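Notes to accompany the following structure.
Chain IDs A, B, C, D, E, F, G, H, I, J and K follow the sequence of writing; residue 1 opens each chain.
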Amino acid sequence: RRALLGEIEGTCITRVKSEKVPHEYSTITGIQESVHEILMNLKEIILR
Amino acid sequence: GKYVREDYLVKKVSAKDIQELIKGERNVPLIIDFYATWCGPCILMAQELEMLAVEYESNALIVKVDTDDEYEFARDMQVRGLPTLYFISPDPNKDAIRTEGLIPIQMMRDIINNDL
Amino acid sequence: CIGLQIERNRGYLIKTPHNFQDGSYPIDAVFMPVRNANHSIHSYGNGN
Amino acid sequence: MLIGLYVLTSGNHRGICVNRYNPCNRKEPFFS
Amino acid sequence: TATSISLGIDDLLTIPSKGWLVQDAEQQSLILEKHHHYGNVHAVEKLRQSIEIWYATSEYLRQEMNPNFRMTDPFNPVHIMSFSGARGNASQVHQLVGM
Amino acid sequence: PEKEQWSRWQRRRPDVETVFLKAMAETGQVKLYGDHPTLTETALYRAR
Amino acid sequence: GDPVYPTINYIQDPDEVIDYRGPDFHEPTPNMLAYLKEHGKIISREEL
Amino acid sequence: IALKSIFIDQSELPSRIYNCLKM
Amino acid sequence: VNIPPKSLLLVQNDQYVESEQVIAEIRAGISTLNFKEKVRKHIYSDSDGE
Amino acid sequence: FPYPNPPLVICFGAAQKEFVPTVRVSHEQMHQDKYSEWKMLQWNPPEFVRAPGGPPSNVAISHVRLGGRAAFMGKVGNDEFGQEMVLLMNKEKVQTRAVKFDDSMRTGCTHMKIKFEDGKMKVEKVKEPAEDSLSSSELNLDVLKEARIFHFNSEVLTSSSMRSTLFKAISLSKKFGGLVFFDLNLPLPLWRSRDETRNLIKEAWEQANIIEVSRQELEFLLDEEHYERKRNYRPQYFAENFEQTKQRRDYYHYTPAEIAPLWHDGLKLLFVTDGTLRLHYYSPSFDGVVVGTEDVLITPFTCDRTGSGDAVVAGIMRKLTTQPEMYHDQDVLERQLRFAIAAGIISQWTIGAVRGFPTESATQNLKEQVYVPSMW
Amino acid sequence: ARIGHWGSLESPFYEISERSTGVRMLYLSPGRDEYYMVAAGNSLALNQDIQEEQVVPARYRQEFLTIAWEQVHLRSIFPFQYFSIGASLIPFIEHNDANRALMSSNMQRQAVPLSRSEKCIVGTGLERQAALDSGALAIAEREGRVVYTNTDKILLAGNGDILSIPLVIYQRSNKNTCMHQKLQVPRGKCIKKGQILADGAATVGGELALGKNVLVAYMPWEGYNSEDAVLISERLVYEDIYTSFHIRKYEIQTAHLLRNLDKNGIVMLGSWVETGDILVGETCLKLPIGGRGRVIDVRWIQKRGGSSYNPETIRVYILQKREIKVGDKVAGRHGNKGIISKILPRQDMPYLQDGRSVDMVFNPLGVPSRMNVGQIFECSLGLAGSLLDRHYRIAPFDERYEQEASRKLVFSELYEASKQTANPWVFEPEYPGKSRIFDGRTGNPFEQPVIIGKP
């Protein structure tokens, strides 16, 4: 148990480059979500 | 109601008024509801009829009659129980449909759109 | 159009580099690949 | 802390609580 | 930590005889009300019986709480906490488990 | 009183001890005076 | 045994949006200005 | 899972078998 | 059971008494009270009349 | 070899979703549009609807919940609404084998022709599935054999076609040992005259072994004005009993001679109900009343009286199939009836009859809590 | 309550006295009602006599007495009548001593709107009206169909008119908290007047949502919970359950440092600033200790009213995102408050027979002293709802219906959950509500059964 929950590694996205935004709490036209919401959605992507 | 819009969009009519509408001409479908303040099931129909109105704005006339105020008319129109609706067509050759009971919103839409 | 960086590591990362290159924002990644675990022990009934 | 000390020194069931039937008709560990 | 004491709804035991006692006190009180009406007792007297019957019932119940715990459920969480001295007072417990 | 009077305490309280005593009585582990457990019998169970 | 007051009265679905035009809510509130204008207490700019 | 919503009452079955299955 | 001090016995010979029922009252304490206070209660009428 | 143990009951009629059959006029009325005020009428009800009864489908769902086995006989269309109803019943465990499905008729809809010739006249072109079933094949003889009670309501007598079928069904049940229960539940057209109604319902009454009528219905049938005059008699100088000194509601017991205009030889029992407040019973050898209560104000925002009548009829049927000495012993009948009053009380505490029809365990617990131990 | 023609207040009462209608609700002046007998009991008692002779407790002339049902004039019928909004938001209040209730109403007022919001499993039902009347929601002003939706605006089109409704994005409040509205209506939908269109902060689906639902155990743990302290898991930190956004404003009247400043010298939008940095160019405005955030906006506001054109005000607004930390205060709705003392990795947390690890651990010696048995009822019902997918809204004082009503609800629901999802530990017949759990560090069972729930 301690090894399974604790000693196994994984891969994830760590930094994102959005080209033309003032900050993360802004908003952009044509997209229903703010930059903060897009960033949260990315934190949930699974990779191998 | 210039500045404040009225909350309720279905209006109470009377036996004489219903008769004029029937004998005269119409171009959109007519739905008549018979109700009483006392019936418990009716509280639920009212909410549904108000939604149908928002959806079909000038493409239908939804009107209401109270049994306490017009009991004899109801008997003549053959109403056997309280939650009852009459759907009447703009064409005068076609038959009218009477529905008894609480019936779902989709059924109401289907009758208006297909049968009437 | 967005640019992303991916890594393999263990545990979880605090978003330490708040200071950043223009347009780059970090996300706190959790790198743990196992959601849950359980175990049970029962008797084989072998007597002595 | 007091709860723990009480539990350690609380003790054990003595008679009816530990044996169902009278011990007459019929503890073990000895340590050095 | 190892023993892990915790408190639950059914660990708040009540003395076995409470129902019988509350039921009897209520009978006495009804009979006295019929009699005030019929003229056999005065008002200062009704008031007094009511305060007094209820105080006795509450107090007997409090007195009997500890014997019940020590004889029938020695290791209950509520007893351990109070007897130890850790937290709780008899009055505080009486309110959770008596009247 | 000549006519029985209503009370909120007319019915016996439901409990874990009564359920268990009944169940064990069917099995034959305990014999009880009667078919329904009494309040003294329930008290002894809590002890043993 | 089963509860005398039915538990259905208590249950609400986890993903529900409340309908405010339902039998247990007060009539919809009116903007003060509009109400006051409807009843004539405040007059418009054109009228002055 | 349409099967879940078909009940034996609908598929005609003789009485003795029906009563037994429902048992 | 015994009742040596001035006591009020509330039962009569041959009465069946159940367990935990108050049969008598000792009233042992006999102390004058300086906390004595005289108070007034008012009875009120439940119907109209003479 | 023998049939399954809890005996079976058959409910015959039309399945309608939430329909209240009885409509008369009420002096008190609330706002036309604001429905948040209409609850007040449930708190203080117009009298005819203190315990509103309902469609035959509802009685079956309640019987199963209170323990018991029921079967529903009728026709519904192969349309969408029809399928929903059968699903509901199947899910609630009501036997649905005797339900017939038709492809040419549609549930809940009747085609009418509106003609004005100096008067408003409506005539019926086609009829609803519910009101169109035929003797020939719509009747499952197997269900009829096992059944020990047949339950019908008066709506069936308002359609020509179902009227013919009802009579074939009554006859077949009696052959196989059945007992018939007529729960009247009068519809709106039948409240016009005592004379027109007595004639229309006559054949059905005489072929019935157990009958349930409301207080307002019984008076309608016999001397309605005479009863009204009686309840407004207030004595001039002195009261004759201490009861009249206290200004309380009337609960008159109808004497056996008064009900003689309506008795017949094959009537085992007659029940007259005044909400859940009183239930009067009449038998060939004995008479009496069972006291009850009602508390709709304990839950003011979730109170609806819509299925309470269906529930009282169901508790009666459940106890009658199981306890057979009810017919001959007065005390047993009374004790047993207190269970039915309880079912009704709990059915007034939820919105919608099908939601909130009580279960057997709950009903016993309320009987035990409300009544003293000796009575229960 | 309402205010009368004269200054006096008025409480509604129902007349049970026989009259034609037989009932009406009336509002009574503080003086008038001392002269009527008012009862709050119910009519569920019958003996060999009739209902009218049965007795009930009642108030008359500023006193409490017992009288027959015949002699009562008015009855009090509403559930929430004797209490205010805060006390009416506590579940199972009947089982909590009143002293605590004061504390509890006070603590709800101190809650912080969180970044993502979630509704409660157990509630009282007044959360719905509290949201309608707050002003944080967008409700329709006319009926119509939704024609366009964008994060900034909603268009409603009703009978030949189009109405635009503005929305609030990331705005400050008087107490440095954030306000943000999120849409609840899909395009193409019909709405009636008064229906919800958008949700505000601390509101989900039309109800007030000031906190989160977490798995908890009540047991002693190595002293970390001494007095009133809490031990928590790291999941809360890395899955962001308790993160909040805080916005502050700094304003003025008109080496590495100065990197941010623009041509006019005002810090640009999107800059990350730290203590010391100049915000607006001797007369420089600089950051205090502990403020470090993105500069969400700058406003050069021209002003009028002063003798001179009012010194133009330059305002800077800065946002800090804050996660749960040692030292924060957390509380439940029943008067229970504590400060976080340690965060531990999931592996070391106590765990259940399902394998899952508890999020928080609370001391169990607190309930006897503080007299709140409400929490035990709420934790247990929460576990059931999560498993069975139900939310429960229960009004206060349920024992009016029957004795021990709450126990019957909680125990029954726990059993259903145990049967439907086959977890036998959820209802244990020997000790209902408690289970046996294990230690993360060693794998060994703790000796006595413990209370587990989601409050």
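One rule holds in what follows: a contact is a pair of C-beta atoms (placed from the backbone, for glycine too) under 8 Å apart; a residue touches a chain by one contact, two chains touch by 3 or more.
The chains that touch chain B as well as chain I do not exist here; no chain meets both. When the partners of chain G are compared with those of chain K, the chains appearing in both lists are B, J.
When chain pairs are compared by contacting C-beta pairs, B-J ranks highest. Using CA-based centroids throughout, the chain positioned farthest away from chain H is I. Averaging Cα coordinates per chain places chain D and chain G 66 Å apart. With centres defined as mean CA coordinates, chain E is found 60 Å away from chain A. Averaged C-alpha coordinates give centres for chain B and chain K that are 43 Å from one another. Residue positions of chain E touching 2 or more other chains, listed in rising order: 3, 5, 10, 17, 30, 81, 86. Multi-chain contact residues of chain F (touching two or more other chains) are listed as 4-6, 11, 13-14, 16, 47. Residue positions of chain H with contacts to 2 or more other chains are absent. Residue ranges of chain K in contact with chain C, taken from their complex: 234, 238-239, 272, 292, 353-356. Every residue of chain F that touches chain J in the complex is listed here, in rising order: 4-6, 10-11. Taken in their complex, chain E has these residues touching chain I: 17, 20-21, 24, 43-44, 47, 56, 60. Touching chain D in their complex are the following residues of chain F: 47-48. Residue ranges of chain F in contact with chain K, taken from their complex: 3-6, 8, 11, 13-14, 16, 19.
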